[PDB]
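S.K.: Pasting the sequence and an experimental structure:
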Amino acid sequence: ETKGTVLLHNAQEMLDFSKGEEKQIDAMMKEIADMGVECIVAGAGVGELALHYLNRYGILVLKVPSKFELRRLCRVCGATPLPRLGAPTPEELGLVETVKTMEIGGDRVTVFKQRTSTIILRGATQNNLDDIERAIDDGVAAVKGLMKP
Amino acid sequence: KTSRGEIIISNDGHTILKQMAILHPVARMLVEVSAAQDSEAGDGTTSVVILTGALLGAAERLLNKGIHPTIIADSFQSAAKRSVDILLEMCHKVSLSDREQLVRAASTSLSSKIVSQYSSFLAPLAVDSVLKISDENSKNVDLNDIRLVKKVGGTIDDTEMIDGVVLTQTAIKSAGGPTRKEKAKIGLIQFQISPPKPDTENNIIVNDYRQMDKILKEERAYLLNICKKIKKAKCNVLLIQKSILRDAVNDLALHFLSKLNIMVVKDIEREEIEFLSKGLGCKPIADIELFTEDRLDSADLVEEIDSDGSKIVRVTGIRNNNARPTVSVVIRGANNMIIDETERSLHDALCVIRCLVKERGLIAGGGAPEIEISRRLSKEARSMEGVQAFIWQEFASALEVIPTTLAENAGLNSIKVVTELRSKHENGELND
Amino acid sequence: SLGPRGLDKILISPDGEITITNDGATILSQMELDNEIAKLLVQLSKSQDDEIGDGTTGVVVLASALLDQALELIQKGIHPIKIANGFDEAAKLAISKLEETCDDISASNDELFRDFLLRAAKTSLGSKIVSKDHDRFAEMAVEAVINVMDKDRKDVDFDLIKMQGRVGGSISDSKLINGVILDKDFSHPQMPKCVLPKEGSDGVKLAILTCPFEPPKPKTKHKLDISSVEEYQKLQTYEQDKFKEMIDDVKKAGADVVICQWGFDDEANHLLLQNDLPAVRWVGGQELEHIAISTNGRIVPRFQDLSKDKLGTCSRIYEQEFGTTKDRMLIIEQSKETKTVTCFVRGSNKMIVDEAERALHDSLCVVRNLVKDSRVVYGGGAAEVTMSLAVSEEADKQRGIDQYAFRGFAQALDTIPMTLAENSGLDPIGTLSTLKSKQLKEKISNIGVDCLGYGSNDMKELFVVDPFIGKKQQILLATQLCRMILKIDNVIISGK
Amino acid sequence: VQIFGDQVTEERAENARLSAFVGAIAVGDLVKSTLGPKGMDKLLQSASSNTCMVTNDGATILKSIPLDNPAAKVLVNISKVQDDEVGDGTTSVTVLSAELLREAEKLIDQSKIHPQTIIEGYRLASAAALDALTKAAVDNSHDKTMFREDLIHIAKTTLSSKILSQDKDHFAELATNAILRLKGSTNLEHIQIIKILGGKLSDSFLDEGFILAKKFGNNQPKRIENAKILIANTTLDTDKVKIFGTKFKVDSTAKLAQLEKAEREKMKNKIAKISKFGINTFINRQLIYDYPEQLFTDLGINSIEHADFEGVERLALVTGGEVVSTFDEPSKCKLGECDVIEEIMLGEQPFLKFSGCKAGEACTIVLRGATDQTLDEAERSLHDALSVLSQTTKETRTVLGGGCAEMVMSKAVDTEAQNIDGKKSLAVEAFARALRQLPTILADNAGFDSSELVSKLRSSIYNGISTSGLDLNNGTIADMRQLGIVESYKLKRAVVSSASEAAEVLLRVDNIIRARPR
Amino acid sequence: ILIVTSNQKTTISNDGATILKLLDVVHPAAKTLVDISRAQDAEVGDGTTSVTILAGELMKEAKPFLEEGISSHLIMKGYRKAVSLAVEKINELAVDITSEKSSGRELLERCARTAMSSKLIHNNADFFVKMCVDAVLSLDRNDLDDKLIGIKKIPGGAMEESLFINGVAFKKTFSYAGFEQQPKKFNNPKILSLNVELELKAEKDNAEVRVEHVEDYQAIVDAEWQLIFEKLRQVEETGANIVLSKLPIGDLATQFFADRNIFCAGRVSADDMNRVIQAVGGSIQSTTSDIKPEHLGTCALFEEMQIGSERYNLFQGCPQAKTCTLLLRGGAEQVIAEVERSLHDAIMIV
Ligand SMILES: Nc1ncnc2c1ncn2[C@@H]1O[C@H](COP(=O)(O)OP(=O)(O)O)[C@@H](O)[C@H]1O
Ligand SMILES: Nc1ncnc2c1ncn2[C@@H]1O[C@H](COP(=O)(O)OP(=O)(O)O)[C@@H](O)[C@H]1O
Ligand code: BEF
Ligand code: BEF
Ligand code: BEF
Ligand code: BEF
Ligand SMILES: [Mg+2]
Ligand SMILES: [Mg+2]
Ligand SMILES: [Mg+2]
Ligand SMILES: [Mg+2]
């Protein structure tokens, strides 16, 4: 969190800092590839050096998620997210049935099918679809009204 | 009244023309001629303009009479050649060291300007000056060496030639009270007396507590050594150049300097070094390891006065060989403007003596040359005949304008004066 | 402004800069247009200039008459799309006849191929105010493309050929230099003007560099931390040494002249003089690359990498008094053929200079097109007329609705020869009816307008020669832009 | 149907011809009074700055005044071009340039001939005007005696039309001597033109050596006798540092005192390394720090700071030294030496005047006079003189001026028209007629019946007396070789070339399109 | 239709979504007709015009009932079924073409051939049909996307002079010192697809250097020129002869390739690099100090053919590729737009 300055004193440090930075994160990814993982979902950022090694290790990567998604994805596959990168636990992993790039409307979209579900209400006018989401939500909540009482 | 706001009161013609707002390009050319007369004589900046105005008036009538201007221009310049020749033959030479006449020459130039009340003491002490600053091989004399300093208050009366040096700044007095040092030796400093840094980007980084108290230890020391090496060469006056660079002279170093009874004068322009070096028989000093009794001055008294409530720095009595000679003159005056004019009336007189260093001859004045030339250049043209004779005649008629305006300022019948002045000049020649 | 009897339009930028040209593309590219169709034509000529270089002027003329020939047929009651379609199938019959009839320079010897390229250079030039020295100006455009284009790849790079302009004297004094001109002097005033090859070498050898003659510093931000005074004395006596380690590095490589990208230090400059190393302070990135290719040399990163094999071979290096009072320049010339060739164009006026450059490029482009397509057609209207006749005889065979469109396409083409004979000073119908008739009475398809004024209309013996692709592209682009306008009927413009 | 955007102007054929001519003529006619001996000066003045200038140099007029007519600006540039490539013939280019175009309008309207045909006719004539020019050319050989007197003439000719007409002879030797002195270099930086206000114009001079607008290192000796000089580019006040970033990290103040004294030593040593050179004169482009300034004086070495890449180069040419940096090995670098560097006074300012020098290959001319505008012009006028001459060191053939050169052309051109025939023939004659319209103005400004005198000179020249030129004070036809009104061939060759180009640029003009101003 | 937008952007078109989009619709109910068009380009590509046409003419043939006192509720209770019945008509009416005498490729051909007619390239359909239909084939991954057959645009030239590339292309030349001195034509190359910037760190991670002793100086600088020798000779010791990278290749990097007779390019289009690897069979590496010859690519011929006086990098003739690149000409710079939108209208029918 505090400003990360990199003080190089001798020329021996340059060669070993960069080439060691290669390994430093290759060893970050190997501790997650040697756990038998096949899909890492990233909320925050991802490094170009880091994606390179995960690129070779034969593993899919999914960036972008904000708070909303990590939680609702968490409930479907059955994982448990960790902030400390040094504890990929077998007891805190997930399990997904299909993770493919199903193109809808021409959009490259990733799917996480098979808990939390999702409806894909298709239509024409992006105007009316918006209303029928409020029709759906009228009932989705009317179901939550049945349970509790 | 200046575009900028300042009030200027003058008689010096170049000073008059430069400061009014002349707009017509050809009219501005006149200022240039008046400027060029100042840069050849310092006097006659008024004469030279009026002449152009009567020569042009001449040219006009000739153009009225249908003469191609190229002929006019060239024959007017042929009128120059013959006239300056006359002045060179009619002039009576001067003994290059003859006070009784050289003094009359300054006394002439002043008597015109608001300083002519005290022309009695102003004329000689402007003549006294240029000869001291002159040479044996004469040459061309630099007036940058004559030091004219201003301070408001009193009367033009209170002007004085100082028997040494006047200085611009004052004794620092921030620490201690040194101001009037007697039997003094003056040091002159190029360097900074501070806790200085090298020209490269440097910074004292601190690791330990025990580094701190020892940093001030050397700091206090470093400044004391410089002040010690000064007292050790044996000087009681310091003069330091412009510190716009970085350091200056420290307030911590200043108390050292005070209790050590060395009297300090800071902030002195770089232009001022060349003059001060010669004026105070004192070699300028760049580094400390080159501060020596050798390069000190040995002046009799240095004492800062209190004039109007406003001080000046005096250096009177200077011992050693003056291989370079330098004067310093203090100008007082009741009103700001009547000080600036005093300086411009000194410079005009100082300059007439300079011209006497240049061409060692002197003429009669009060129009006398301008009437002779008129008479001479008439007889020349009566021989000429044809077209280039009428020009010279109109030219001779023009030169006469000087005595006319001279007389017309005196409220005289300029016509009566001149006709009589030419008639008497037709016999009695070059003095009427 | 069409033909060798063409005139020049004189356009002024909003700032004030003056241009006086004949390049149709330039003309239209300068005028502050507004009417969307005019705007489009601006791009129409701007298109040609790129895909070819010459023709920019006649491309518009052909499009407008085609739009005019459509107009008359519209007021007759015909659907535009069917006309636009009727034009394109009539354009495909014009290019087909041109191909089957165009002469060819592929079946030629080497002595006769370099002539046909001059004949085209001549053609393209005679039009613009360069015509004066169009013997010399043409013998330039040809010299350039032979020297620069990879023979088998048949590809000429116009990044390789540099256009240099400097004002003085006359256009006659415009020269082609087998090397490079630089606006640079010699780094030290005492250095010599000429540099002569050490006799036994047959070359000058160049120290082409890309590091400054300055004590090396790193890319990543740094600092020293000097505590010991002696270690400031170890550094002080490193600064002068790390300079001598540069001079010797070059002197030991065996170079006679140093051309360096970045700038030399003040200390390094004098030491460059003492050891007789004429230096060139601050040389352009593109310009270094042009130097290294002309001299056969190589480009050197650091001093450590300099060797007697990465040197630039020259026959002369001289600083020329470019002006009589202005500024000096550096010429690095060769007697041999070098892949880069700078084209130095001079004139008596900044406007001629720019037009002269603008003529060579056009002239240089017709010669580039003939290297790509070694086939020629004959201009002076002849090519347009053969196409006019070809489409005219096939209109009666077309029948139905397109009978009028084909007859239109052919008829609007005839404005080129008519507006050639017009500017040139003949009767439009006369030259047309003589020319088109003569091209049937004889089997010859190479008969055109004597726009200069000689007895014969025989474009062959007169050397009025056009490239093939040039002619073809000048039609396809017209008919295709023409179809686009005709397709348009509904127009909606916003507010400015 | 409007095509262009707004504020846009379309001046087509019929109107574009007007502009092209109106422009050229309007400009040609502006400078017409400049031409020749009894020619006059213009007073130009800016709105900006409250500045003005009184001038002859025809470029200096055209370059200055504002204009809108694009055709005019064409000629305006052809004026600068000439001032670049030759330095003189500014007004001669413009007038001949316009007089061609005047003569075109008279053909394009009155007769109704094609502009392109006029071109193909103005072309045949130009190549024939330049032809005879070389045949009539007088190339001056190995006789440097016969060539100096030849140079002095060219100047005398160039000079007569400026304020310097009256002192022609005087200024002619000040140019001839300065250029010869220059030893065949064609760069004019080597002649420093210092104008100091005051005195006569006849008071102007070329100094034997060099006058420097610089000062001595302080309380230093005011006159060095028997000089030996080191010329330098090395740092001094800035304090030499190895470029990168040598920051001082002193653990405790103590070391900083040593490190301050270190920088002083680094100096004391670089002055010592210079002291080894055995020299009494150290002159440096760079500033001499307050410190080094004293270190030289204590050693006795005279030190002169701040004379830039300019001043240093000339000193190197005049003293025969070298622009030295480094100073690590005194053996290999060539010192300068002159006789006396005494400081003089000129009106007010102090200048150090090097006198009696090793090699005179660089010089200073001090111009004098009564008015800042007279100076101005003297400088401008001298540059016109220091040009023809300099370029006649390069281009060493001469042609007889006084209208003669242009006439010998009008001859060949007019006879070439007697050969050509057709509608072109009229245009070829016109070219010659334009060429005649030159002596016309030469005479016109002097004042005699132009018509009679040009017609008196045509005959003589056409009849084969191809010396005859215009005695422009007596109003007669007189011999130009025997009266010595010679000019540069490189001058005239250019005047014809340049003009012939302009016409062939504007004559192609039939459409002037102006954008909406920024 | 010729539309000039509020920002001078002149556009000519036949594409219904492109006409309806460039028109700013403000009326809320008429904005539906912009969406209705938009959905049609999104799922199909063609029809965009016809969809709006139908829509309005349903509303217009409902007005004669709305004038009479009828409830709109019942009107739409009647349409809702009508469309559900219209879909039933087509499903029964649609012909499975694999059953009855059709060519393998004359299915997509005779289908693009319909999409072309109406638009500008009608008189050139022949050319464009036997190209863009073809372009969907090279595109075929088991399941495909048009992002891989990216179109490039080049001003000038006849729209017939458009060129089908069985590899990749760059509307992008860059130029450094050596780029002219380098060979710009190969036959069988090994394409190294890189990512990181080959130079002396031009936008990289900043690290301060503190050096006490002077001799460390030439060491720290000689570390740099050695740090990129490794990064560069790492490329030479790959077996490569064409070097492309997402980040920049410097002046001092291009040198080593120039002399070592290797072609290099910097600042490659992000989309183009993913366009290269799919048609070169390579792999984008972010580091040189790892690369195995299992990452390189190949083609039939790489050359820098100059088209329309702009330099294009053309590496083509790739046996098994799941990507191609169209390279499009056209008269004016507004034609090239209405052929690109015209061709997207054929591809998506194909
Ligand atoms: N010497 C000539 N004789 C006859 N016709 C010519 C001659 N030179 C050019 N032409 C014809 O005139 C036209 C020249 O037009 P030009 O002004 O060069 O513009 P562009 O060629 O760019 O359209 C060409 O189409 C050519 O057929
Ligand atoms: N003393 C003279 N007698 C006769 N002709 C002269 C004399 N001096 C100059 N000329 C002629 O006058 C012209 C020079 O006039 P000038 O105003 O200097 O024009 P430019 O600036 O174009 O040289 C030349 O054509 C020259 O032949
Ligand atoms: F009015 Be003056 F210059 F004595
Ligand atoms: F007038 Be052109 F483009 F030859
Ligand atoms: F009026 Be000039 F340039 F002799
Ligand atoms: F008008 Be469409 F998008 F076929
Ligand atoms: Mg007086
Ligand atoms: Mg052409
Ligand atoms: Mg002249
Ligand atoms: Mg459709």
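M.R.: Received the coordinates, thanks. Numbering: from 1, shown residues only, chains lettered A, B, ... in the order given. Ligands and ions are numbered 1, 2, ... in the order given.
S.K.: Quick check: what element follows the helix or strand encompassing residue C:420 along the chain?
M.R.: Residue C:420 belongs to helix C:415-424 when assigned by DSSP states H and E. Next in sequence after helix C:415-424, counting helices and strands by DSSP H and E, comes helix C:428-441.
S.K.: contact partners of the helix or strand just after that following helix?
M.R.: Next helix or strand after helix C:428-441 toward the C-terminus (DSSP H and E): helix C:459-462. The contact list for helix C:459-462 (CB atoms under 8 Å, 6 or more residues apart in numbering or on different chains) reads C:378, C:379, C:380, C:382, C:446, C:447, C:448, C:450, C:452, C:454, C:456, C:465. (Each C-beta comes from the backbone N, C-alpha and C, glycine too.)
S.K.: I'd like those residues as TSV, with neighbour count and distance to residue E:129 appended.
M.R.: As requested, the contacts of helix C:459-462 are exported to TSV (neighbours: other CB atoms under 10 Å in any protein chain shown; distance: CB to CB, whole Å):
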residue	neighbour count	distance to residue E:129
C:378	26	36
C:379	27	36
C:380	30	40
C:382	26	36
C:446	24	38
C:447	24	41
C:448	27	40
C:450	18	47
C:452	13	49
C:454	10	51
C:456	11	49
C:465	26	38
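S.K.: from the residues you listed, which two are the most distant?
M.R.: C:446 and C:452 (16.6 Å; CB to CB).
S.K.: Tell me if I'm right that residue A:26 and residue A:53 touch.
M.R.: Yes - under the criterion of CB atoms under 8 Å, residue A:26 makes contact with residue A:53 at 4.9 Å.
S.K.: Confirm residue B:102 sits in a helix?
M.R.: Yes - applying DSSP: H, G, I helix; E, B strand; the rest coil, one finds residue B:102 inside a helix.
S.K.: elements contacting the longest helix out of those in chain A?
M.R.: For chain A, the longest helix by residue count, based on DSSP state H, is helix A:11-33. On a contact count with 3 or more CB pairs under 8 Å, 6 or more residues apart in numbering or on different chains; DSSP states H and E, helix A:11-33 meets helix A:48-56, helix E:216-236.
S.K.: which residues are contacting the last one?
M.R.: Read it as helix E:216-236. A:8-11, A:14-15, A:18, C:216-220, C:222, C:224, C:238, C:242, C:301-302, E:192, E:194, E:198-200, E:209, E:211, E:243, E:252-253, E:256-257, E:260, E:262, E:288-289, E:291.
S.K.: Relative to the helix or strand following it, what are the paired strands and their orientations?
M.R.: Following helix E:216-236 in sequence order, the next helix or strand is strand E:242-245 (DSSP H and E). Strand E:242-245 has its sheet partners listed here by DSSP bridges as strand E:191-194 (parallel), strand E:263-265 (parallel).
S.K.: what about the first one, distance to the chain center?
M.R.: Here strand E:191-194 is found 20 Å from its chain centre; the criterion is CA atoms, centre = their mean, to the nearest Å.
S.K.: Residues contacting it, please?
M.R.: With contacts defined as CB under 8 Å, 6+ apart, strand E:191-194 is touched by E:235, E:238, E:240, E:242-247, E:273, E:276-277, E:280, E:282-286, E:288, E:291, E:295-299, E:315.
S.K.: Tell me the residue of chain A that sits nearest chain B?
M.R.: residue A:7 (14.2 Å; CB to the nearest CB).
S.K.: which residues touch that residue?
M.R.: So residue A:7 contacts E:207, E:208, E:209, E:210 (CB under 8 Å, 6+ apart).
S.K.: do residue B:187 as well
M.R.: B:230, B:233, B:235, B:237, B:238, B:239, B:282, B:285, B:291, B:295, B:296, B:297.
S.K.: before we move on, what about residue D:61?
M.R.: D:30, D:31, D:34, D:42, D:44, D:55.
S.K.: residues contacting the residue sitting furthest away from the middle of chain D?
M.R.: Residue farthest from the centre of chain D, counting by CA atoms, centre = their mean, is residue D:252 at 62.9 Å. By CB under 8 Å, 6+ apart, the contact set of residue D:252 is B:204, B:211, B:214, B:215, B:218.
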